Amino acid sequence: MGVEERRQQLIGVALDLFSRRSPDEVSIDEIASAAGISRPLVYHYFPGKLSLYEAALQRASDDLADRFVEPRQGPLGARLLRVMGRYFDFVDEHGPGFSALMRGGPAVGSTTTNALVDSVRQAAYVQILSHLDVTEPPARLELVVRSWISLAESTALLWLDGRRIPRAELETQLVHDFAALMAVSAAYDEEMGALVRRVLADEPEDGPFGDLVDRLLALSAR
């Protein structure tokens, strides 16, 4: 194969291995072997293991960020649920590498890896505001949204540790969590209250939010 083909092949092979195992268990020799090339030939394309890991992570990060893009049509909850399906598909596909990267955190990460992870978090933020139709988010809204993004990261990481709860339940849970976090904040702020009322007015009366409220009323045995 040609040079650019080979570079992109190598990034793919690296991404495959770094997805399957923690990065301490992936070697240049294994990457070379999977790619069908010699050890020195890998170093022709990348000067070390970290640069290849970063290149794989760039590809993965671009993939997840693109998965956040969803048409601004129909009830908002359903849009978010669709993105949550793609998000869990991604987490599944990349699980062992995702867990290793995230449970390492910014301390272990290179400046480049931390920047890539942050760029994904920011891509999520931008999409959520687009759907909310907000360009100048107030403080309270920014905190709810960013703290939900942290909640969604945590939920996926906890899911991967044993998969003791079905992903479909967690996807729906994260959608309900978003409504609930926003509703909690609405108590302290009229501007927040108005946004949440508008968002919930866009849900059908027979929708999942409806069913959540019905279930909570039932639990309360009012």
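In this text, residue numbers run from 1 along the sequence as written.
Average Cα temperature factor in the PDB entry - higher stretch of 98-106, 75-83: Per the deposited B-factors, the answer is 98-106.
Stretch exceeding the other in mean C-alpha B-factor - 168-176, 183-191: It is 183-191 that shows the higher mean C-alpha B-factor.
CA B-factor placement of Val134, once the chain's modelled residues are sorted into thirds: Highest third of the chain for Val134's C-alpha B-factor.
Among modelled residues of the same chain, the CA temperature factor third for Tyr53: Middle third, going by the recorded CA B-factors of the chain.
Chain thirds of CA B-factor: placement of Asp89: Its C-alpha B-factor belongs to the lowest third of this chain's values.
Modelled-residue ranking by C-alpha temperature factor, third containing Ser147: Answer is lowest: the recorded C-alpha B-factor places it there.
Chain third (lowest, middle, highest) by recorded CA B-factor, residue given as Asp16: For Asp16, the deposited C-alpha B-factor lands in the lowest third.
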